[PDB]
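For reference, the chain that follows is the form solved without 2'-deoxyguanosine-5'-triphosphate (DGT), supplied as structure tokens.
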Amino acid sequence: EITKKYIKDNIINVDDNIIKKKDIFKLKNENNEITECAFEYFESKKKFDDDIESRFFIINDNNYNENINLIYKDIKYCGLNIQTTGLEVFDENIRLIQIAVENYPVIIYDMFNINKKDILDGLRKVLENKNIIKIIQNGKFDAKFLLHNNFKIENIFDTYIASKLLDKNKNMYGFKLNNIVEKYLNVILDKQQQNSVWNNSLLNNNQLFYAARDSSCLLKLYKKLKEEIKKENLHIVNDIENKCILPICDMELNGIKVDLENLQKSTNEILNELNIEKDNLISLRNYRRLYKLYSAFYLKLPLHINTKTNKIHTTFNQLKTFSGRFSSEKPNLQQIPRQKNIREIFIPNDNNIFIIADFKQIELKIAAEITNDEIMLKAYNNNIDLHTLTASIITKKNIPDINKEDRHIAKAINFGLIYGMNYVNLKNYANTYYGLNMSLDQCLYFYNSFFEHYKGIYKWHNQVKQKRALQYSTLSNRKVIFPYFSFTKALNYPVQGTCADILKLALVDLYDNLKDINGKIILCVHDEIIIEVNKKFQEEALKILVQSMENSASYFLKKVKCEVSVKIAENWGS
């Protein structure tokens, strides 16, 4: 009776708390004359104890009023959300699309009851329009869905990113829509409706008020978060991370293909090697090595292979690391052995080839930039290697008299001392990881000599030891707050954090430059980016990738020049 009162709009009345109203809304047609059009919208009887827009339009085949698309005129921003039937974008569907516009009830597109393309025309224009901001909670999740369903979208403000950056890695939890709204608005949403059934072709009135309020609330969060971002000078990083959403969606939708031939083959190889070692039993070495490399990889990897496409679609995390670097899970691309024997199982698609680029010594160059160390900066500008430079200082030799053994000792000194080791730790570090046999009298000479010449590094280290601060920033002003002071983590953070800024910005510029040649971004790990392109744009994509990374480094570094090592390859092991 009341339960089916609005079945023509595909709505179930679960508690008699929904009325259909019809009123005259003032609009402007493209001819700049005010067309007052009457619209049917829904509203609750029991009013909500807050100020969020809880009314909503619903769009379907039987009530579509084309004049609805006139609310989208001369708008600069709008809240955007979707409701899905599940988490996996390949196995699920978009149930709803909600667009909240300032002062108007939310426009809800009933996707399960729309079969005319002309209805979604006004929608696609808003999504594509680079001049309208779309405010989103979890933009990766929602953009990933829209992209996979042939929706184009540009210009995004993720409230999750703003909230995560404002927290400065002080918390792991508290970044769901419900928590954010309770903190910045003191409103509690009916989160119970997450577990409701979105698969049916009917929705109840409670599901639709949640869909409206969880989209309009974005309009108020944007105003508060936009402001806090500015008061914390986080606009540069927040802008880079928002633009980096689309590249990351690219990397997850594209996935990376696997060559099941060499996978099965190599699997049998390691299996037989394990059997042989078991019979002979060298013991610990070959047995533990082959056992771990077998079970912790050759057996787990097949589980993530898409059965139909032979592709792996990892999950890239944008803001879940301390430094700000990317991380991945299911699978964890940095847990794959860095060996050519194993990495050659990942191949491009048919008629395509990989282009792989890395930075040489970006971390050490960043340290020289932020410390204004003159000897290091002058040496890099003369294209003198930093390990040769340190070898020159330690041995007092001229570059023509420096042998490979000198540069090896210099590598240990540089990586050990720049990041805050003392001479006693340097000895253990050197003998352990480099195979040297230095004495404490030598390492104390290295320590005193290193900081006697690298006066920028010494001033850097000394001031950090003195202030014992808990707040640190990067060159993008990505901020973090330590629970307690740690010398080595304070030195490492600005360096590693700045790498994250440079790589992420490189993916933004790269994602734009690759449209001409329909290039695909595949993966970013450590200091390395991988793209896939058709072989005819091989030589052209090489230049784009290098130029993108170099332009990014140029954005942040003014006194030192990065160096990109690029190579075309058919497999990841090359």
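One-based numbering along the sequence shown.
The same protein also has a form solved in complex with 2'-deoxyguanosine-5'-triphosphate (DGT), omitted here; what follows describes it.
Check: When 2'-deoxyguanosine-5'-triphosphate (DGT) is placed as it is in the bound PDB entry, which of 305-313, 132-140, 250-258, 357-365 ends up with heavy atoms within 4.5 Å of it?
Finding: The contacting stretch here is 357-365.
Checklist line | Interface membership of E532, 2'-deoxyguanosine-5'-triphosphate (DGT) in the bound PDB entry, 4.5 Å heavy atom rule | finding: Contact with 2'-deoxyguanosine-5'-triphosphate (DGT), no.
Item checked: 4.5 Å heavy atom contact, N352 to 2'-deoxyguanosine-5'-triphosphate (DGT) in the bound PDB entry -> Outside the cut-off, so no.
Margin query: Given that 2'-deoxyguanosine-5'-triphosphate (DGT) is not shown alongside this chain, does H387 nevertheless sit within 4.5 Å of it in the bound PDB entry, heavy atom to heavy atom?
Written below: Result yes; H387 sits at the interface with 2'-deoxyguanosine-5'-triphosphate (DGT) in the bound PDB entry.
Notebook entry, point to check: Are any of the heavy atoms in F415 no more than 4.5 Å from a heavy atom of 2'-deoxyguanosine-5'-triphosphate (DGT) in the bound PDB entry?
Noted result: Residue-level check for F415: yes, a contact with 2'-deoxyguanosine-5'-triphosphate (DGT).
Notebook entry, point to check: Does every residue of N242, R478 and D501 put a non-hydrogen atom within 4.5 angstroms of 2'-deoxyguanosine-5'-triphosphate (DGT) in the bound PDB entry?
Noted result: Not a single residue of the candidate spot has a heavy atom within 4.5 Å of 2'-deoxyguanosine-5'-triphosphate (DGT) in the bound PDB entry.
Notebook entry, point to check: Tell me, which of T395, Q496, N93, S266 has a heavy atom within 4.5 angstroms of 2'-deoxyguanosine-5'-triphosphate (DGT) in the bound PDB entry?
Noted result: Selected option: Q496.
Notebook entry, point to check: Taking 2'-deoxyguanosine-5'-triphosphate (DGT) in the bound PDB entry as the reference, which of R407, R124, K320, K459 has a non-hydrogen atom within 4.5 Å?
Noted result: If I apply the 4.5 Å criterion carefully, the residue I get is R407.
Item checked: in the bound PDB entry, residues of 308-343 near 2'-deoxyguanosine-5'-triphosphate (DGT) [heavy atom within 4.5 Å] -> Residue within 4.5 Å: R325, and no other.
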